[PDB]
Every structure is written in C-alpha cells, then in structure tokens.
Amino acid sequence: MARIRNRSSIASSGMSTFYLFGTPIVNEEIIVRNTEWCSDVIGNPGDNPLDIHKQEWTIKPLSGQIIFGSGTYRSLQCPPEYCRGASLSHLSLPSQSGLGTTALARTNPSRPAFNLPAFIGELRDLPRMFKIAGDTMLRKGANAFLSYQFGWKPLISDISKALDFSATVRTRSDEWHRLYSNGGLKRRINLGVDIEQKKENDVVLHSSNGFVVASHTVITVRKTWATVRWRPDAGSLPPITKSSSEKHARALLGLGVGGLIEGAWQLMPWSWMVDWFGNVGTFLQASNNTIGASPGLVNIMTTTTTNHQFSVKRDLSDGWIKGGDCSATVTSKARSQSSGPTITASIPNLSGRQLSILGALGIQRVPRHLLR
Amino acid sequence: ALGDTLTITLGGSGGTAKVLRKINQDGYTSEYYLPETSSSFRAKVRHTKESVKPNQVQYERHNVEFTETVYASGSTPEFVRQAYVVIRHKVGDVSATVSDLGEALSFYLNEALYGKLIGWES
Amino acid sequence: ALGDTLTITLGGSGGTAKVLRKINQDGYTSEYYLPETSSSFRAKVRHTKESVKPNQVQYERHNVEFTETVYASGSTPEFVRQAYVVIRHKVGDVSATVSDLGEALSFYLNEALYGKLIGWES
Amino acid sequence: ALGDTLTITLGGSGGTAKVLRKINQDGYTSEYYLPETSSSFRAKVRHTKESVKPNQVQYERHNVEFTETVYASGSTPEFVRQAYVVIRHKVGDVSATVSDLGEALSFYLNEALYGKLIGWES
Ligand SMILES: [Ca+2]
Ligand SMILES: [Ca+2]
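Residues numbered from 1 in each chain as written, not as in the entry; some residues may be left out. Chains lettered and ligands numbered in written order. Part of a larger assembly, values for the part shown. Heavy atoms only, no water.

**What to know about the nonpolar core**
Spelled out, the test is: The criterion is simple. A nonpolar core is a set of buried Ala, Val, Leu, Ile, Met, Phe, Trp, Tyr and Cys residues joined through side-chain atoms within 4.5 Å. Using a 1.4 Å probe on the protein chains alone, a residue whose accessible area is under 20% of its type maximum counts as buried, one over 50% counts as exposed, and one in between counts as partly exposed. The way it works is that DSSP assigns letters per residue, a run of H or I at least four long becomes a helix, a run of E at least two long becomes a strand, and they are numbered from the N terminus. The contact rule is simple, with two residues in contact once any of their heavy atoms fall within 4.5 Å.
Counting 38 residues, the largest nonpolar core has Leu123, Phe130, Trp265 and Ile363 of chain A as the members making the most contacts within it. Breaking this core down by element, the ones donating at least two residues are α2 (126-140), α3 (152-180), α5 (256-264) and α6 (270-286) of chain A. Non-local contacts of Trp265 of chain A, meaning those with residues more than four positions away in its chain, are made with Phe130, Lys131, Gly134, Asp135, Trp152, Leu155, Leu260 and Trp270 of chain A. One finds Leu34 of chain C together with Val98, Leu101 and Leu109 of chain D within the second-largest nonpolar core, a separate group that totals 32 residues.

**Concerning the sheet that holds strand β7 (residues 71-74) of chain A**
All names here are of chain A. Where we set the bar: A pair of strands is treated as paired once DSSP finds two or more bridges between them. Think of each axis as a best-fit line through the C-alpha atoms, taken over the contacting stretch in the case of a helix, with angles from 0 to 180 degrees between the N-to-C directions.
Read from one edge of the open sheet, four strands run β3-β2-β7-β6, paired in antiparallel fashion. Bordering the open sheet on either side are β3 (23-26) and β6 (65-68), each of which pairs with just one other strand. Geometrically, the sheet is characterised by an average inter-axis angle of 25 degrees between neighbouring strands, direction not taken into account. Both strand β2 (residues 17-20) and β3 contribute to a ladder of three bridges, which runs antiparallel. By the bridge assignment for β3, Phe18 is matched with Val26.

**Re a positive patch on the surface**
Going by this rule: To count toward a patch, a residue needs a relative accessible area above 30% and no salt bridge. Like charges then connect within 9 Å, nonpolar side chains (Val, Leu, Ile, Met, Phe, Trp, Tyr) within 5 Å. Here the accessible surface of atoms and residues is derived via Shrake-Rupley with a 1.4 Å probe, and residues count as covered only by protein chains that are part of the display. Here a salt bridge means any side-chain nitrogen of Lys or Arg lying within 4 Å of a carboxyl oxygen belonging to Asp or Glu. Note that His is not counted, nor are the chain ends; the positive residues are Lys and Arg, and the negative ones are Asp and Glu. By convention, charge coordinates are those of NZ in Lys, CZ in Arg, CG in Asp, or CD in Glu.
The grouping of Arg3, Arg5, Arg7, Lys54 and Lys333 of chain A at the surface amounts to a positive patch. Element by element, the count of residues in the positive patch is highest for strand β1 (residues 2-15) of chain A, at three residues.

**A look at the packing of α2 of chain A against α3 of chain A**
Residues and elements named next belong to chain A. For the record, the criterion: Angles below 35 degrees are treated as roughly parallel, those above 145 as roughly antiparallel, those between 65 and 115 as roughly perpendicular, and all remaining angles as oblique. Left-handed describes a crossing whose near helix is turned anticlockwise from the far helix through less than a right angle; right-handed describes the clockwise counterpart. We call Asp, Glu, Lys and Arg charged. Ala, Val, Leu, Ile, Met, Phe, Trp, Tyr, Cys and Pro are nonpolar, and the rest, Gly among them, are polar.
Where α2 contacts α3, the axes come no closer than 11 Å and their chain directions differ by 160 degrees. As judged from the angle between their axes, α2 and α3 are roughly antiparallel. In the packing of α2 onto α3, the handedness of the crossing is left-handed. Where α2 abuts α3, its residues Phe130, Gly134, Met137 and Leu138 lie against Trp152, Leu155, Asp158 and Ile159. A breakdown of the residues in the contact of α2 with α3 according to their chemical character gives six nonpolar, one polar and one charged.

**What to know about the coordination of the calcium ion (ligand 2)**
Let me state the cut-off plainly: Atoms of type N, O and S within 2.8 Å of a metal are treated as its donors, and for Na, K and Ca the window is 3.2 Å; water is not considered, so some sites may appear to be missing partners.
The calcium ion (ligand 2) binds to the protein through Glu111 of chain C (OE), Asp100 of chain D (OD) and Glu103 of chain D (OE); the donor distances cover 2.4 to 2.9 Å. Here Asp100 of chain D pairs with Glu103 of chain D, and both are found in helix α1 (residues 95-108), just three residues apart, close to one helical turn. Residue classification places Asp100 of chain D among the partly exposed positions, given a relative accessible area of 28%. For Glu103 of chain D, a relative accessible area of 15% corresponds to the buried category.

**Quick word on the UniProt feature "binding site: Ca(2+) 2" (unreviewed entry) in chain B**
Residue and element names in this part refer to chain B. Put simply, the rule reads: UniProt positions are given in the numbering used here, feature names are shortened, and annotations may be inferred rather than shown by experiment.
The sites that carry the UniProt feature "binding site: Ca(2+) 2" (unreviewed entry) are, in the present numbering, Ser99, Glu103 and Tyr114. By secondary structure assignment, the location of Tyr114 is in helix α2 (residues 111-118). The exposure class assigned to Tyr114 is partly exposed, which follows from its relative accessible area of 47%.

**Here's the deal with the interface of chain C and chain D**
Keep this limit in mind: Note: buried area is the sum, over both parts, of the accessible area (probe 1.4 Å) each one loses when the two are combined. Pairs of N or O atoms within 3.5 Å make up the polar contacts considered here, provided that, within protein, one atom can donate a hydrogen while the other can accept it, and that residues adjacent in sequence are counted only when both atoms are side-chain atoms.
Contacts between the two partners involve 60 residues from chain C and, on the opposite side, 60 residues from chain D. The contact between chain C and chain D buries some 6200 Å² in all, and 67% of this surface belongs to carbon and sulfur atoms. Of all residues in chain C, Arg81, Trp120 and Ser122 of chain C bury the most surface against chain D, accounting for 12% of the area lost on that side. Run the count over chain C and chain D and you get one salt bridge. The salt bridge partner of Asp93 of chain D is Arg81 of chain C, with a shortest N-O separation of 2.2 Å. Put simply, chain C and chain D have 26 residue pairs in polar contact between them.

**Looking at the pattern of salt bridges**
With the rule as written, the count across this model stands at 11 salt bridges over all chains. A salt bridge links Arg222 of chain A to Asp194 of chain A; the nearest nitrogen and oxygen atoms lie 3.3 Å apart. Of this pair, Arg222 of chain A sits in strand β9 (residues 212-232) while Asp194 of chain A is found in strand β8 (residues 185-206), placing the two residues 28 residues apart along the sequence. A relative accessible area of 25% places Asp194 of chain A in the partly exposed class. With its nearest N and O atoms 3.4 Å apart, the salt bridge here joins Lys53 of chain B to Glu50 of chain B. The exposure class assigned to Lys53 of chain B is partly exposed, which follows from its relative accessible area of 24%.

**Remarks on the sheet that holds strand β2 (residues 16-26) of chain B**
Residues and elements named next belong to chain B. Here we have six strands laid out as an open sheet, ordered β1-β2-β3-β4-β5-β6, and antiparallel in their pairing. The sheet is open, and its two edges are formed by β1 (5-10) and β6 (79-90), each paired on a single side. Between one strand axis and the next, the sheet turns through 20 degrees on average, direction left out of account. In the sheet, β2 pairs with strand β3 (residues 29-35) via five bridges, with the strands oriented antiparallel. Residue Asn24 lies in a different strand from β3, and its bridge partner there is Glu31.

**What to know about the side chain of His47 of chain D**
Along the polypeptide, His47 of chain D turns up in strand β5 (residues 39-49). Look at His47 of chain D and you get buried, because its relative accessible area is 4%. Within the structure, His47 of chain D has its side chain in polar contact with the backbone oxygen of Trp120 of chain C (distance 3.3 Å). Reaching out from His47 of chain D, the side chain makes a polar contact with the side chain of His62 of chain D at a distance of 3.2 Å. Residue contacts for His47 of chain D: discarding those within four places in its chain leaves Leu117, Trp120, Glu121 and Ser122 of chain C together with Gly27, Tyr28, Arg61 and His62 of chain D.

**A few points about the packing of α3 of chain A against helix α4 (residues 245-253) of chain A**
Residues and elements named next belong to chain A. Between α3 and α4, whose axes approach to 11 Å, the crossing angle comes to 160 degrees. With respect to α4, the element α3 is oriented roughly antiparallel. Like other packed secondary-structure pairs, α3 and α4 cross with a definite hand, here left-handed. Two secondary-structure elements touch here, α3 through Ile159, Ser160, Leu163, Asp164, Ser166, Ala167 and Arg170 and α4 through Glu246, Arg250 and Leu253.

**Some remarks on the relation of the copies chain C and chain D**
To keep things clear, this is the line we draw: Only the C-alpha atoms of the copies enter the least-squares fit used to superpose them.
Overlaying chain C on chain D yields an RMSD of 0.8 Å, the required transformation being a rotation through 180 degrees with an accompanying axial translation of 0.0 Å. Put plainly, the chains are arranged around a two-fold axis. Relative to the rotation axis, the C-alpha of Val85 of chain C is the closest in chain C, positioned 2.3 Å from it. When the interface residues of chain C are mapped onto chain D, 92% of them are again interface residues, pointing to one common binding face.

**Section: the side chain of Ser40 of chain D**
Along the chain, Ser40 of chain D turns up in strand β5. Residues contacting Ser40 of chain D, with those up to four places away along its chain left out, are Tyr33, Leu34, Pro35, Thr67, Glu68, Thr69 and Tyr71 of chain D.

**Focus: the packing of aromatic side chains**
For the record, the criterion: Here a pair means two rings of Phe, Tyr or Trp (six-membered ring of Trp) with centres within 6.5 Å. Their orientation is stacked below 30 degrees between planes, edge-to-face above 60, and tilted elsewhere. Only when the NZ atom of a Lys or the CZ atom of an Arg is both within 6 Å of the ring centre and within 35 degrees of the ring normal do we say a charge sits over the ring.
Under the defined criterion, the tally for this structure stands at 11 aromatic pairs over all chains. Judged by centre distance (5.6 Å) and plane angle (15 degrees), the ring pair of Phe68 of chain A and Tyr73 of chain A falls under stacked. Taking the centre distance of 5.1 Å and the plane angle of 40 degrees together, the rings of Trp272 of chain A and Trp276 of chain A count as tilted. Of the two residues, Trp272 of chain A and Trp276 of chain A are both situated in helix α6; the distance of four residues between them amounts to about one turn of the helix. For the pair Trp272 of chain A and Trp276 of chain A, one class covers both residues: buried. In textbook terms, an aromatic cluster arises when at least three aromatic residues are bridged by ring pairs, as seen for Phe68, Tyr73 and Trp320 of chain A. Positioned above the aromatic ring of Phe79 of chain D is the side chain of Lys90 of chain C, whose terminal nitrogen or guanidinium carbon lies 4.2 Å from the ring centre. The ring of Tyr59 of chain D has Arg88 of chain D lying over it, and the distance from NZ or CZ to the ring centre is 5.1 Å.

Have a look at this one:
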C-alpha cells in the first residue's frame, strides 16, 4: 500500500515587542517550522519506489533595542520573519537520459570461459573401466597389463584423482546453488556527480521593527547511481548431489593393495559413481562450461541537496539591529524502477586446475577392446 | 574514446555486422567481447613505450587484435582464429606520413592476397 | 567525472586553445594527452592521503599538473616545461574557505608577476 | 624587488584585503608575515637550481606558497591551510612561453574548479 506521511519539527522561536505609552501594544510571536514529508510502500516484498522532501533551518537570532518617548520596540532573541515562508527549490541541472539502458549494457557479466577438454566426452565411461580392470586383474592376478606398465598402484592413483575432481565439482555446484538464493549476483555502477554554484543579492530579511537586508548564496549537488541483480535462470543449475560416499571410498583406499586383494574391493560404491558421473557429463556437454543468467529489474537512485546561506547587510538596517545571520538546507531523495529488453549472459563454471586434474590419467594407454 | 562498443563487419565491406561490448580497461589497455552460441568475438587494444636509453632512439608500439574461437563439437576440440597488427615509430615522428604507411599496408591486403597468402605462396 | 577533454588556452584568455583527450584513469588518478608536430601536451590530476599518525590531524591533498615537451631540433636536445599546483587542508574542514584560499593565490598571479618572478626576484 | 608589502585578497576580485610585510630573506628566499588574534599569514618565495651534471639539460625551479595557521582553541589542536605552485624550465629558454603556460594554468583554475576538484573526480 502507498502512504503519504507528513512530519515536522520546531527549529526556533522568539519574541518581538513594541512599547507605546509604556504598554505592550503588539507582542507578536514568530515560529520556524522544520518540515518534511515522505512517501513509501509497505506490505509488498518486492522493491518499491520512494521519495523524500526534507528541509531544515539554522538561525542566529537578532538583538538590540531602541527607545522613544514613552515607547520602544525590541526584537531580542527574535528569529527573522523571512523564515515564515521558507519556500526553497533546487537549481536546474543537466538532464540525464537512458540511464537504465547504459547500466544494463555495461553491467553484463558475460565473459569467455575455459575450453572443455576432449576426455569430457568419455567422462561418463570411467566407472566400468576401473571395475572391469580390477576384476580382470583379481581373476588373473597382477601379471595382467605388465605389457602396458600398469598395475594396482596406477589404478588407485587414477581413482583418487577422480574422487578429487568429483568433490571439487560438488563444492562448485554447492556454491552455485547458494548463489541462486539471496537475490542472485548484485553489481553497482556510478553515473556521475553534478555540482553547481550561483550568487544572489538583496534578500530582505525582516519587514517589521525596522528592515533588514542580507546577501544570498546557493550551492547545489546531485549524485546518480544504479544497481541490478543477475540471477541464474531456474533449471540451468548443475546437479547438486550431496556426497558422503567419497569419504567411505577414501577410507577403503587407505587399506592399501593388501586390503583390496582381500574382499575390500567388493565394497566400492560403483552405482553412485556411475549415476553422478553420467549426470555431470551430460550436463557439461549440454552447456559449454557455463551457467545462463537473466537480469532482474533495474533501479536508479538520485539524491539531490542544496544549501542556502545568508549574510546580513548592515547598510539598510536600523542602527540598533545586530546579527541575524542564518542558513537553510533542502534535501530530496528518490527511488524509481525501469526495465529493458530480454538478455541472457554466460558465466564460467570451472577453470584450469579444476579441469586439469584428470587430463593425463594413466589407464588411457591400455587398448579399449581389452576393457571393451 | 573508443565508445562503449566496437563494431566489426566480418567479410569486409557489406558483411554481417556485429557489435562487441566494452568489458575491461586498464593502463591504456581496453578489451571488447561478445558471446555467441557456437563461437565468440574478442577485440583488445594495447599501447606501449620502451624505456629510455643513454644513446638510442625512443620508439612506440601500438597493437590491435581480433580473436575468434569456436566451441568444441563431438570429438573435435576447440580452436581460435586471430589476427593483429602493430605500428612502430619514434616518439616525436610526423604522424601524417605514418598514417600514409598504414594506409599503404591496409590497401595492399585484400581478399585475393589473403587467399594467396594462406596457400603458403611466399 | 569532469569529462574526457580539457581545454588549455595558452597565453591566458588571449587565445591559442588546446584540447587534450582522456587516455587513462586509475584510482582517482587521471591524465590527458595530445601530440603535436613539434610538441606534446599532457596533464595530470591526483588526490591522496598522508600516512596515518597516531595523534595528528589528517590532511587533504590535491595536485594538478601541467607539462610540455619540445622535440629535439638540430643540436638542441630534449627539454621539458611544466607548472603545477598543490592544495593542503585538513579532512572535513569547511570547503568554501579552502576554495577562497588557493583562488586568492590564482588571482594574485598574472603575466607581470611571472615576468618579475622569472627574473629570480624575491 | 617585488615590492615591500605583499597583498593577499581572499575571495578573488572584490574580496577582503590582507597586507603582509617583509621579514627575512636568505638563500634566494623571501618571507612575509602578518599576525592576528585567531590566525596568521605566511608567504614565502623560493628559487633553486639543480646540480650540474654533464650532458643533459640543466633546469631552474621557482616556488611560491601561501600558508594559513589557526591557533588551537579548546579541544581543537593546531591546523594549517596551504596552497602553492611550482615552475620548472630551462635557464636560457625564452621567458614568454613559460609566462604563457603560467597564464594558462592560472586561467584554468577558478572557484568552479575548486568546488569541483573537492569531489576527487578522476
Ligand atoms: Ca568565492
Ligand atoms: Ca603572454
């Protein structure tokens, strides 16, 4: 729901009196009324526009007195009556154009990715290689594949490397799935700062108990920035399988060659490895080492502020009048929403050391037909 | 300078027009990139000046590179196609005749000459 | 920022306008460049903090630098010209008074002062 | 020469006028002073020449600075507000070019730039 709220604070107040016949004929009051009003939206989880209009004052009260026959007038600690209007506005500034499009164009995180190795095609086939090799060697002893400089130790080294790769890909998948949450990836850009100054002259500060004129100077500042959140498109995420079987497999491998010679090898988690290797292989080949993404809405925030400072001009005032310096500040803030044409980006998944783990696994030197 | 995008018309005049995006910038270097379903386009600009020597000539080298790579398909791995040009001259040289030499080199190269060159015809 | 081009009018407001072009930006550090047949124009802007001392007030620094190089001609070797300003004041102090300082200095300097100042007068 | 009293006019043209006096001069340097209840004015003019070393150009440098110090009151300790310029060029180079470069630097600096430069834009 959209609500409009108004709120105010008292800045200063004072008293001014005129005596005649020894009587206070007029003793009128003066108030400074700090004012601000805001608009905001609540009850909707989605980001909403909002804006603020806000103003304050800072006044050094007048002082002094003058005497006449049976009558006087005095403005001690009396803030100037000029503040009763307090109407102020920001200075004109150059207009911005097409901020949303530029932000969307510059913010795109698509960038090239690491090249996919050739063995990723065979990635799905690793488990039966190892199973059949171990089974044949156990059936016919270790003498097998001595012609190829192969044995128990190379096999265990290769399977350990595969488990390392599996855990690394698992952790990376966990990280991607965490990223899908909490609104996706956020980025920020800056859209410049505009500063302008001017001068003003002959500002009447008081119209009773004499007259007061003061100089005027104005300062204006504007900022502008934009933010967007890039989130992976649903369904493009990698497999997110949890993994405690690898701990068990590593525990078995610690038994050494002697353990695997015993009934230990029949405890390998072949089915899990086959399923997950096939899933990851088909996913990697489906994509190209990348996750897709789409942009959410684009927002722009533009704060604007100005200062209005005065200095009392003493050449057009009654001699008894002293002081009267004052300053004012006006601030505004805004939040607004925009959207652009559909865009899709690609972000690398794994790079270098991630994919290089098993690029030279030793079992590849045996002909396939013996295994196949 | 260099805009937010670098336009490239592969195939010479009248070809298909692509528009790379500004993606990185540092130390007089900037680079443009664009992703595509079967390939990608890469374009970077670099500048460099050599250090000062007691008695030698101070030279400056520009470089511009286009790079094109296609993703793997089946058993065929990935491969990349690129071509870059450099220019070298002293710090205080006359710019206009350098531009003339650059025009000469650009004009000499044409599709026919590229065809002859790739055939290892020396 | 302030833009990508800066105008240098040699001889004050007399004329001879020169338009440098932005070349780089690294961490609040900007410099523009422009080559000419017999000269090169370069400008630099920098902002920074002093080393933090346990019980001393922090200070702002602004630096604006102009330089010029004249290319070697005949037997005359390379040589340079430059002129730069520095402003120092504490962090958070009133900006307008600091503006009035510095611009008072800028008003003070004029052609006659340089004519006298270059004559080693003090 | 350079006169006996140095005039600082904070606020540019039409501002408040402050007058200093010569105090001391040593090492081709000069100093001006003016005391006040709440602050004080310092002005120094300096000249120098780099060490001669055989086969390169030899350069001379000029410096002028304005400094403003405020006496500590209550909790606020001492602090200073300073702004200065430096000139460097050849010894036999024609003075008109250096004077024109100085005029350009003075003309570029103005209250608008001081108001803008405070933002660390670059
Ligand atoms: Ca002023
Ligand atoms: Ca002149």
